[PDB]
Every structure is written in C-alpha cells, then in structure tokens.
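Just below is one structure, and these are the notes that go with it.
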Amino acid sequence: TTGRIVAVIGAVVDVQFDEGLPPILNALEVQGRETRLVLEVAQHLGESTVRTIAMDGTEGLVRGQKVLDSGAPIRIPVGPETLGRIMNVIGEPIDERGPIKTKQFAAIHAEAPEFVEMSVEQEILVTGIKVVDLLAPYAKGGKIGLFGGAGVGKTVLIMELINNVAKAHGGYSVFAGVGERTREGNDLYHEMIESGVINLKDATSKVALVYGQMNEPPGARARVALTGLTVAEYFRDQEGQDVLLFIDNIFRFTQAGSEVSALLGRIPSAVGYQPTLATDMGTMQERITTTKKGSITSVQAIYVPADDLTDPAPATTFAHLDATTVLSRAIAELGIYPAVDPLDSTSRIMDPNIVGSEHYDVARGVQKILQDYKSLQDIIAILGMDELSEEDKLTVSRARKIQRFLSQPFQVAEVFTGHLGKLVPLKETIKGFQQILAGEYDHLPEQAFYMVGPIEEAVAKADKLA
Amino acid sequence: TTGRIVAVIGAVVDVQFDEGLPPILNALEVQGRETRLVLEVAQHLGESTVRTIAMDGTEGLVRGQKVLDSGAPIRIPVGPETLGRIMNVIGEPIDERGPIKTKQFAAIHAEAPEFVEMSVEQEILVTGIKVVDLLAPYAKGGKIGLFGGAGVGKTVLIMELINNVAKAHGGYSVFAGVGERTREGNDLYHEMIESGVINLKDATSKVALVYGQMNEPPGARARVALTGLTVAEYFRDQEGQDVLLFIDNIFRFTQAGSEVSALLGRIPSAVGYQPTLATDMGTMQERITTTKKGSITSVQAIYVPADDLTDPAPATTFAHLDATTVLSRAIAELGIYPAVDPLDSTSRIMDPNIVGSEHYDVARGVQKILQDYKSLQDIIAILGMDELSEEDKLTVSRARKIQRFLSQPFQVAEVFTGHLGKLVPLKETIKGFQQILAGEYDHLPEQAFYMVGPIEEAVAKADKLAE
Amino acid sequence: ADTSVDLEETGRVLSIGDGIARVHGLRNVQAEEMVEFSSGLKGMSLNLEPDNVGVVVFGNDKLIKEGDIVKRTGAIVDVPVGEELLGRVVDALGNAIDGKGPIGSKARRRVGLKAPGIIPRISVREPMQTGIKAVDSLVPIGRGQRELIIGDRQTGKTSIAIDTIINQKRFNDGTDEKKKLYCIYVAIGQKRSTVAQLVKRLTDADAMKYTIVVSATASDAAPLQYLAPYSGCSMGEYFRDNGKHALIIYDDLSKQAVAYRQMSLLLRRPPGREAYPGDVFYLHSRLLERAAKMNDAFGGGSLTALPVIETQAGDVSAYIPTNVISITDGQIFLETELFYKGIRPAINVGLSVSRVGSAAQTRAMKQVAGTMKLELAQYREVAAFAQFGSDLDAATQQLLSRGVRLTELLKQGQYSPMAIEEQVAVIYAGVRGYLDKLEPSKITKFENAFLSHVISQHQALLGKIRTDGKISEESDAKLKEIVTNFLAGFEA
Ligand SMILES: CC[C@H]1O[C@]2(C)[C@H](OC(C)=O)[C@@]1(C)O[C@@H](/C=C/C=C/C=C/c1oc(=O)cc(OC)c1C)[C@@H]2O
Ligand SMILES: Nc1ncnc2c1ncn2[C@@H]1O[C@H](COP(=O)(O)OP(=O)(O)NP(=O)(O)O)[C@@H](O)[C@H]1O
Ligand SMILES: Nc1ncnc2c1ncn2[C@@H]1O[C@H](COP(=O)(O)OP(=O)(O)NP(=O)(O)O)[C@@H](O)[C@H]1O
Ligand SMILES: Nc1ncnc2c1ncn2[C@@H]1O[C@H](COP(=O)(O)OP(=O)(O)O)[C@@H](O)[C@H]1O
Ligand SMILES: [Mg+2]
Ligand SMILES: [Mg+2]
Ligand SMILES: [Mg+2]
C-alpha cells in the first residue's frame, strides 16, 4: 500500500493512506531515498491517517512523498548467521562484511513469555568480584542491573563481567549497545576480534552485536533494545540455548522514548516523561527473561540522570531485576572501585537457604557493621573520633577495614588502578570477611586492605608497609 | 424543565435543556434510576447546556438520558425530627428506620450571617484536657480547630471532646462525617446509642447525624458538610438553642472540590488546589458561626496533607478559628498523647483579662521553657551536656518533665494506651504545672510524669517506680 | 436491509493509539460499560462525549484499527467470583493463567461496588493473626480492618503479607469455619517471574489451597493493572457477604496509581498534583472502604485488607503515602535502616500504628503487650537522649535495659509464623523482667531454647493459654516457674 507523507516533525512523520491503512507496529518504507528509511506505525489518528516514528533522520522528506506499507513490523535476521556480526535497529549489517544470510527473520515486536512459561530455579552466578559475590550475588538465568550516574563505573563493570563470565561461557552472548558511545562499540568489536570471540574467518564466533548509539535519531534508540532483545530470544527458544545478554545502556531506551513522546502529542507525566513510561519498560523488560525453554542471564547498565535514583526512569526499573548493583559517585570519589554501595545493592538470592548460612551470616554481618558505622558518622564529622567509646572506635576500625577490603582491582581497569586485576573465589571472600569481622586483623593498618584480592594479599601488603 | 445528558466524564455530567435553563445551584434528578441521583448545576456552558456535579455514581448513565430540573438547590429535612437520625447529602435516611417526618425542609445552600449579626461573648469552655485547657482554652460558642496529619489524633480528640462535653451539654449536637471512614460512623452511632445520646425508642435523642464518607464520589463529599451545617443552623436560628457542631474532617470538603476542579475546566492554582479554594472555603466557613439568635460551638477536624501546615488548605483554614489545637506526628511519635504541639496551639481567649494571670503566667511559663528547651535540643545533641550551666540544665530537666505532664490518658483510647482515662479540672492543671515550674518536683523522675492525670498521680507513680 | 450495525448498540473506531479508542456510534452505552472489539478484545466506556466514546482497552491495542466495529455488552464491568477460584491464578479479568483449565464459576460480581454503609457493619473485634510478634503485639490487625504495609524497595513489605497468608493454615486446616480465612493476593505492575516465584512458595507452604492470586503484571495493559485491585476485591466480597472470612493483599497500590495516571492522562484528563489525576485519593479510598466487618444481620462475614505502598527515600510524608495512610486503619512502616541494623522485621514502632487497638487482640496478648507500645516509644527517645550517658538515674537505666531486651524479642525470621500462645509466652518472659539480667546478645538464643521447652514439655500450659485465651492466675504462676528456672539452667 502507498500512503503520502502528510506531516513531518523530527522523528514523527504522519502518513495518510487511501486504500489500506496499516495496523499499528507495521513498518513502512519511505519511497524516494538514497537509503532505507523505515517508519514504524504508532497510531491511527483517524481521518485515514497514521502517525509513525521514523527509524532514521527525516531530513529531506517532503509533504506529499510516497510511503509503502511493508505489510509487517520491523523484521530482522535471526539465526546463527548473526553471530560475529554487527547489525542495525532494522537488522542491516554495519560491519561492512556483506549481507547476513539467514534462513529465518524475526520481528522485533513479540509478546512476553506467559506465566506458565516462567522458571523459578535459583542458582548463584559467581563473578569474582568481592562486593557483588558477598553482598548481592547474581544468579544464573537471572536479571542483573548496574545502576550508575555518569562516569561511575557502569561500563567498566560490564566489561569486567564480560571478561570474568562471558569469556568462559558455553552458549552464546548478545551485546546490545543502546544510546551509548560509538567508539565503545568499536572498542569492543576489535577486542572481541582479538580474543577470538568474534572470528572473521570461521563460524566460531560466540557473540552477536547490535548497536544504535548516541548519534542516532530518537526512534532508533527507542527500538535497538528491542532488536538486540529479539536476537537473544532466538537463541533461547529456538535452540534451548543458554544465553548471555549485555545491554549498555537501557536507560537510553526510556530517554529515547521521552524524546518522541511530546511529538506523539501526549500530555507529559512527571519530570516531563511520557505517561507510558512504565508500560513501555514493561512490555520490553518482560521479554528479557529466562524460561522453560531457555536461559537468559542478562546484565543491563542503567544510567541515573543527575545522579537522581528517584528519577522515574531508574526508579521504575528496580522492580525488574533479580539483583541490583547500585554504583555511587561518593564512593568512587573516595577512590573505592568498584564504587558499589553495599547497603543499597540487593539480591533475591541473599537467602540462607540458597547461599548457605555461612554466606548469609557474613553478608549480613558486614552490612550490620557498616550500618552501625553510619550512625556514628554524624558525630565523627564535627568531633572526630576522640569522644567515641572504646567499643565504638572498634566498630569504626573494623568498618574502615571492611570498607577497604570491599574494593578491588579489575583487569579491565589496570590502566587506572596501577595494579594487576584480581578475581577472588567466593569461599575466599566469605572467609576474608569473617576474619575481618572476627577481629583477626585488628592489628593491621587499613591501607593494607585497600585495593587487593584475597585476604592473604592484605596481610602481605601490611608487611610491605611495615 | 427536562434536559438530556449529553456527556459523562466521571462525577461531572453536562445536561442540555430545550426550554428553561435551571439556575446555578439547582438540583436536578436523573430519571430512570433504581436510586435517586441528584446533579447540582455548576455552570452554564452556553447553548442551553449546563455543567453539573453528580451527587452519586455516574455508572450506567447514558448519553440522552432524561433529567428534570427540581426547581431548587438541594433541600433537606431540617428540624427536631432529624435528631437521633442518620442522613445523606441529600437528606435521605440511611439508618433504615423510615422517613424523616419534618414540618419543613431547607436548602443546603444559603447566605452567611451578616456583620451586624455577630456576637462577641467569650467564655472559657473547660474540657478536662490538660494541654488544651492550660494553653489553648476553647471558648463556648467559638470556632475550634483540630489540626493534624494522618493518624495523629484528630479523631480521637474529637472523640474525647464529645464525651467530656457533648455528653453533659443541654442542647442539640450535630455530627457531620465528611469524607472520613465509614467504619467510624458505625463506631460512633453505636456509641451514641449505648450511651443514650441517641434514643431509638423515644424522642430523647439529643444528636442528629449526617454522613458522606470516603467511599463516596467527589460530589457527595463536596456537599455533606453543607447538609450537616444546614441541620445545625436550624437549631440555631429557628429554635435558638445552643448547638454543638462537630465536623470530621472539613479538609475533605476542600479535597472534594479539587477532585472535580479540572473536569470543570480550570487552571490549577498552587499545590494542585482549585483556584477558588479560599472563596469556596469562605462562603462555607462563614455560616458555621454563632449569631445573636443562637450559639454554635463547632469542633472541626482539619487534615494536613504531608504533615505540611503550610499546605494551601490547612493554611487557609486557620483564620476561620477562635481556638486551635495543633497536633504533631513528632510528638505522637514519642508516645505523647494527645500529641498537641504546645508551641503551635492557640486560643483567642488566652488573655489575662479573660482567664486571669495565674492561668496566663503559667501557660506562658510553660511555653517559655519548652521553647527554651527546643532551642537547646539540637545543640546538646552533638556538643553534649557537660558545658551546660546548671541554670540551663535544670530547664532541660523541668522541660522534659513538663513534656510528659502534658500527656494524658484519654477515656476513649484505653484500647490504645492500656491506661484508664483521666479527666483533669482546670485548677488541677494550672497548679500541677505551677509546681513543676516552681522546682517543687525536681526530685521525682520524668517517667513519673508520663501518662498520668493529676499531679498527684505523678507523685504516686514516682513511688511505684521507686521499684 | 442489513441492520446489524446500527449506531445505537454498535460504533466504529474513529482512531486508536496508546490504548485509547475514540469510538463513533455507541449511542446507548452507559458510562463504565464494557464493549467488545472485532478482535475479541474487551474495552471499557469511560468518557461519554457528545461526539465520541473514549474507550480504555483491556489488552494490546495493536489489533485495533480505525473503522473497527465496537459492540455494547450491556454490562457494567464484572468478574467471576466464588470458591472455584481458590488455588488458582487469574488475570485481572478472571481468566486463568495457570493453564490448569477454566474456572467453574457460577457467580459474578461487578468490580465496582460501593462499600457497605454504616448500618450493615459491626465494630472489628476478632483478631487476624499475622504470626509476627511485632505486628500481632504492637500493631494488632482485626478482621474487617485495613492495615497498610509501607516502606522503600526491599524493606520486606511482601514478606509481612506472605507470612500472614501462610500463618492461616492453622485455622484453615482446622475444624472451626469461623476461624478460617481465605486469602487473596493481587500482584500489580510486578514481574511475572517474581509472581511465579511467589506462587511457588505458597504452594510449597500448602497455602495455595486457600488462596486466589489475581495477577496484573508489568507487561499487562494499563487498564488491566488498574482494574486488578477492584477485581480481586470483588472476589473477596463473595466470602465477606456470605458469612465467610477473607484477607486481601494489594501488592502494591503504587504501581496501580501509575497505571491510573497513565490511563487517565492518555484520555486527556488534565494531570494534577505530581502528575496524577486529581482523584487518586478517591481511586484508593473507594477500594479500601470495601474491606469491612458485617454484622450478624449480614452474615457477620468480613474482608480485611493489606495494601502495600512504596516510599522513596523512606519519606512517609510523601503525598501518595499520606494519601493512603489516611484511609487505612493503621500502617506498618518498614525502614531499611532498621533492617540493616539487624531489626528484622524492620518495623518502626514509633511510626507504625493500629487504629483498632487491643479490641483486635486476645486477652492473653492484651495482657502481655498492653503498655509495651508507648514504652518502647519512650525507650527510643531516652535511648537517643543518652547517646552520651548524661547524669542518668535508675528509672531510666531500667528503661533502657527493658527497651533493649524487648527489642530483641520482637525480632523474627521469615516463614515461621508463631502461634498466639507462643507469642504470649516469649513476650511474657520479657515484659516481666525475667530477662532483664540476660545479655542482649543471648536473648534470641534463649527464645529459641525456651520456646522449645514449653512446646515439647509444657503444651498443657500452651493449650490452656491458647484455649482460655487468657492468662489465668495459675497459668501466670506456672509460667513464672518455667521461665525463671529454665533461665537459670540456661544461664549455667
Ligand atoms: C560516603 C561513602 C560511604 O561509602 C562506604 C560504603 C561507607 O559508608 C558506610 C555505610 O560504610 C562510606 C561512609 O565510606 C566509604 C569508604 C571509603 C574508603 C576509601 C579508602 C581509600 C583508601 O584507603 C586506603 O586504605 C589507602 C588508600 O590509598 C592508598 C585509599 C585511597 C565506603 O565505601
Ligand atoms: N572499576 C574501576 N576501577 C577503577 N577506575 C574505574 C573503574 N570503573 C570506572 N573507573 C574510572 O571511571 C571512569 C569511568 O568509567 P566507566 O565505566 O566508563 O563509567 P560509566 O558508568 O560507563 N560512565 P558513563 O557511561 O559515561 O556514565 C573510568 O574510565 C575510570 O577512570
Ligand atoms: N523477617 C525477615 N527476616 C529476614 N529476612 C527477611 C525478613 N522479611 C523479609 N526478609 C527478606 O528481606 C528481603 C526483602 O523482602 P521483600 O518483602 O521482598 O521486601 P519488598 O518491600 O517486597 N521489596 P520489593 O517489593 O522488591 O521492593 C528479602 O530478601 C526477604 O527475603
Ligand atoms: N488520645 C490518644 N491516646 C493514645 N493513642 C492515641 C490517641 N489518639 C490517637 N492515638 C493513636 O493514634 C491513632 C490515630 O488516631 P486517629 O484519631 O485515628 O488519627 P487521625 O488524627 O488521623 O484521625 C489511634 O488509633 C491510636 O493508636
Ligand atoms: Mg558507559
Ligand atoms: Mg480520622
Ligand atoms: Mg514486594
């Protein structure tokens, strides 16, 4: 079917049709252009017109221009032939390696797996990161989220995790770069090449890459998540595959949504956001999940605007994760890396019946002491430690060393820490933390604990200081 | 006249009359309903269409439905035959005891008493509540207001006042529940009965009741207070008696309005309130008043959204009162009931020329020390207590003790406090404080001063505490 | 003359977007009536305008296009109701989602019915035992009462609800029908996998048998999530109106409000404070009023509600938070501070209340915890006022010594709801000063020991306290004996 461009504003193009009005979600192809310009139908304004969202810049379009109903929604190449390739929101390759030749094509809009399809197995996923493992452990086929204001560590953490987990993973992986830096995509691709996860020679790549960065018009950014998502869904269901899905940054999607929302003509909700915020997050977040058919462990980076966690975007996201790593500027500025907030990060697995009570008890042990420190903090602030009780000063000591032991060098951040990256095994973390708690190290200096792997290394660092 | 419904959007219904447009305030009845639906005309949109507020649910209404102009604002059965009964916004009995056979009926809408109708007598109305009495005495025929955020004691306080005052009161009483809890009207009704304030067998009923609870549509809520108030004005004017008016909670009248305001097509004023708040409040509050004909003693509970006394509503109401009891979650949070704020509660009669200087000097004395202590609280907090002068550490003492002596076990809260309710007489109050202020108890422990009636119980309790 | 599509009982979509259809005929629809779309998709007639009907859609609006035929239903929205639902998971409309077959319903009920008035009810008098000391002792919940669970994310709000539902096996597995309590759990805006987890645990606890779970999750259309609470409510009134007892959890009313806000704004209704419709208070009041205690004249049945609300930065003063706190018969406020501190449940004594008081408590309980609440309040204060041991007397040293001991006793784990008599025993021990000399750290361990002792050896005292429902003079004397002695052996 052929409609005509009626109006154009940013990414919101209104197209009128005479004989066949395309259903909502259908992808239209604008005619008369050097490159593909897909329009996704958003609503029927009545009067035989449809209001759509462009998937690329709209410059050049002209009223009266011809548009064609694709007859379906954005459909993209799915299968193993996407492995090792970089693709667009609309599924075209952007790696200058030819067409992605697949048997099947999938549409980016699907419904979420049903209740009966859900899974409830809960297995811990050890990452080698002390704070995470101890206090807010991730879980196989689970939902993890890294909350972070600007330049706090979200991406570095994803990388480190990709390194520590993705690297030695059996199944496939899907990275989806949403609204982030182009150079990052580039940084990754080439790195992926090097360590061979991407092989440009054979069919041995384990990762499929989807990108719609900081340079795309809103509509694209608003859909790429869906795109990466789809690719992942394929491996899950069609091959009962155990997937890994990394997204940077899912905040961008919502942001993108707010960009076109006014254009769609909606009264804004709080903070200028689109009134459909939650539902949009919803029908999207709900497809990123493990099922009876397959497993999807997904790590998603969540940008926090102005550092405000009460912002509708992040706020609304907590409810979709199984484990959350809230990064803090305050901590990072203190020099603690990863800048994880220990009293603010949580995990549905932090249950004695799952991590064992030994784990459970150190975990809550640690938090309790930090909480305690916390109350003392008002006073230490005006009057310092002097006026403190002998007992109080002891929590403080311990807390300052527990606080220091929570930091750790990542390989990925070697260039900045000036130290060699470390991976600590769970039992090593459970342990090192007991001892600290248990006063086994009240003699060592704080500094000894800073920036180390296992406790054993902390003892040594103490000798070196002394 | 007969109009048709042309649009339905929530509580607001637009009606089109072919001939003769019902004036503003007129009540219209929707034809074809198992239950009586009244629509109050709110505006004349033009084109012979009026915009109205529904006095009940709008489900089931259909575009084109018939509507007759009743030819008059909502009129309710007013009179002595209302006593002991339970009424609707629209004057229907809701107690299941049959019609209300009044000689006359009254429109809930009416002009407020003129300036030359005002009265200026001011005589203390003792309540038995240490705090109120001591520091913010209520006045017979005056306007009293109980301010408090959610769950701080507004209702309980209104409850104990009914007990300590309504109960002996020789005259009528009208309690209007506006936008409050239904559970509550049932508690109260059944209490009025078990205590004979309400009599179901005879005409000894001394209290009429009107209700428009939280389970109602904005429309009803915007009016019950009027109904209530209307019943009360009768006994004031047409009978000339001493009325006691209780409204819980007048805030609901205002929130009711805000709830339909947008559908009426208005730009919001600040805090979301409708732009007519004050005037809306004014034309109402101005009726709730004592005149030369009769006397009203209104006790209105006033909700404080988010605990913010500055909220346009609570804020706008202060001027309508002669006496104010301000309750605080910060106080309640400590277990001090009634949680009145001693430094934020006021009465127009707190005048030496009116209550006397012993009264006065005490009150003021009590307030100075509490203020004096407030100022220090935050400081000795950090800097500790040592550096404080004995002079200054005795007021910390006496203050903390007073803070307690101000609490009191209410007779309506035994289920809450686990203590028998005490009522204290004015002099027992004045004296008790007078003494604390005098240094006459610097030996007893604070705790001895917590949740007790008269000062003697504080002394007795010291001993019991003495192990 | 094909007369099937006249504009009085049918209409045609003028436009559709964002779940709002602006339908063209529907001349005889009634406000709030349900209509049907060609696609078998049901919607609801919310705006009846001069020239169009604004229809809210109970599903994916993707299947609707300009021109579609819309049909009246003649019915104001309703849903399946009754015993058939127990043990089943339904969506916001009633349909099963546990793929365990159709529901055998013979009864329906409008989702939107006014709460019973003044006349039909009687003061809440029968307890509704949570199984949680803290709750059952300090902020009692009776049947027909509405008590709010409020706190930030992850402070444990749902757990309070789960433990409660689970604690109800006691009576339901029992004989007495009056003591039985059917439970309803409404998940709103929540995540499918979380709910699926939830229903598992309930099943693993043998609680599903008496529970119905209405689910209106994250990807469910706004209107589904919106309706969900009223839906579940209606299923509860069944029991309430039939002399049976029901308990309904609205988890949580925060996400429903956003759905309401969305639904509402998309209908072009001017946004109000905080962007929500001017009537959000009403949206919740209307609902929670329905939880109620009917007199014997109406079956004496009841509906008890436990709505959940999520604060941000533990700010309870917040507009919504306060909107709901002013409707319910109390609140349970959970703080993350307390939580981390070890105080689990993170109930904040001072800030949580019960407007029902002891009337919802057994004499046994009233006996032990009658003054405890204000005691602890007063404790917390002096505990603060002496974070510097300022020239402190005895009455206050005793005050802090009890405070701490009692605080330890109110602590409690998950999934192990205690029986009323059990609670009385343990509180007893504390309140009576028998533990004033034990080391705080010891307390928890003691309670496990003690409770062990009486349950195993002394079930006669337990059964009497339980049975008499009071603490007689001899029971109080057999108790003293046990605690004091055991305590000693224990303190060897
Ligand atoms: C406001 C930051 C808070 O976040 C923490 C989690 C603590 O809050 C509580 C509840 O625990 C906190 C008060 O202080 C931080 C402590 C930071 C410590 C920084 C240490 C740095 C440091 O420590 C050393 O020992 C040697 C070092 O350099 C060689 C360096 C840089 C922790 O991350
Ligand atoms: N784990 C770490 N250890 C040491 N330094 C780190 C670490 N993580 C982040 N940094 C420092 O912080 C900078 C920002 O890291 P990065 O992972 O990019 O933050 P981000 O959350 O991705 N920023 P953006 O995405 O722009 O909000 C890094 O380049 C390092 O300088
Ligand atoms: N009494 C308890 N003792 C120990 N752990 C508890 C307690 N009750 C709750 N939990 C745990 O504390 C965490 C919070 O539980 P939960 O009730 O889900 O809080 P919540 O308010 O529902 N969180 P969310 O709804 O995700 O914002 C979970 O790990 C529970 O297992
Ligand atoms: N006078 C009082 N003494 C003891 N506790 C009280 C008193 N008034 C209030 N409380 C506590 O406060 C709760 C709320 O009081 P209530 O009148 O409902 O609040 P509101 O002011 O919100 O109407 C009561 O259920 C009770 O537990
Ligand atoms: Mg980044
Ligand atoms: Mg009240
Ligand atoms: Mg929850």
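Residue numbering in chain C adheres to Swiss-Prot, whereby the residues present occupy positions 62-553 in order.
Method of determination (from the header): X-ray crystallography, 3.1 Å.
Just so you know, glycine gets a Cβ as well, placed from its N, Cα and C.
Over in Swiss-Prot, the protein carries these features:
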type	residues	note
CARBOHYD	C:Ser76	O-linked glycosylation site
MOD_RES	C:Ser106	phosphoserine
MOD_RES	C:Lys126	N6-acetyllysine
MOD_RES	C:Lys167	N6-succinyllysine
MOD_RES	C:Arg204	omega-N-methylarginine
BINDING	C:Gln215, C:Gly217, C:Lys218, C:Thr219, C:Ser220, C:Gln473, C:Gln475	ATP binding site
BINDING	C:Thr219, C:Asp312	Mg(2+) binding site
MOD_RES	C:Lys230	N6-succinyllysine
MOD_RES	C:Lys239	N6-succinyllysine
SITE	C:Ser413	site 'Required for activity'
MOD_RES	C:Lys427	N6-acetyllysine
MOD_RES	C:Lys427	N6-succinyllysine
MOD_RES	C:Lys498	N6-acetyllysine
MOD_RES	C:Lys506	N6-acetyllysine
MOD_RES	C:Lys531	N6-acetyllysine
MOD_RES	C:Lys539	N6-acetyllysine
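The two recorded residues C:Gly217 (ATP binding site) and C:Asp312 (Mg(2+) binding site) have their Cα atoms spaced 12 Å from each other. If you measure from the Cα atom of C:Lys230 (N6-succinyllysine) to that of C:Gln475 (ATP binding site), you get 16 Å. The Cβ of C:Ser106 (phosphoserine) lies under 8 Å from the Cβ of C:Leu87, C:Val90, C:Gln91, C:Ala92, C:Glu93, C:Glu94, C:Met95, C:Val96, C:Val114, C:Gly115, C:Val116, each on the same chain and at least six residues away in sequence. Among the recorded positions C:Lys126, C:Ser220, C:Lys427, the ones whose Cβ sits under 8 Å from a Cβ of chain A are, in sequence order, C:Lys126. The two recorded residues, C:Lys126 (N6-acetyllysine) and C:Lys218 (ATP binding site), have Cα atoms 42 Å apart.
Most buried of the modified residues C:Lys230, C:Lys239, C:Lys498, C:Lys506, judged by other Cβ atoms within 10 Å, is C:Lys230. Note on the recorded positions C:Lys167, C:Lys218, C:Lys531, C:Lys539: the fewest other CB atoms within 10 A surround the CB of C:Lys167. When the Cα positions of C:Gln215, C:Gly217, C:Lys218, C:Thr219, C:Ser220, C:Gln473, C:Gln475 are compared pair by pair, the longest gap among these ATP-binding residues is 17 Å.
Using a 10 Å Cβ-Cβ cutoff, the residue listed as 'O-linked glycosylation site' registers 22 neighbours. Cα separation, C:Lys531 (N6-acetyllysine) to C:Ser220 (ATP binding site), rounded: 29 Å. Taking C:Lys126, C:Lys230, C:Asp312, C:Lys506 as the candidate recorded positions, the subset whose CB lies under 6 angstroms from any atom of ligand 3 is empty. Nearest to C:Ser220 (ATP binding site) in space, judged by Cα atoms and limited to the recorded positions C:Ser76, C:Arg204, C:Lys498, is C:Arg204. Screening the binding-site residues C:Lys218, C:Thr219, C:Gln475 for a C-beta under 6 A from any atom of ligand 7 leaves C:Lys218, C:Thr219.
According to DSSP, C:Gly217 (ATP binding site) is assigned to coil rather than to any helix or strand.
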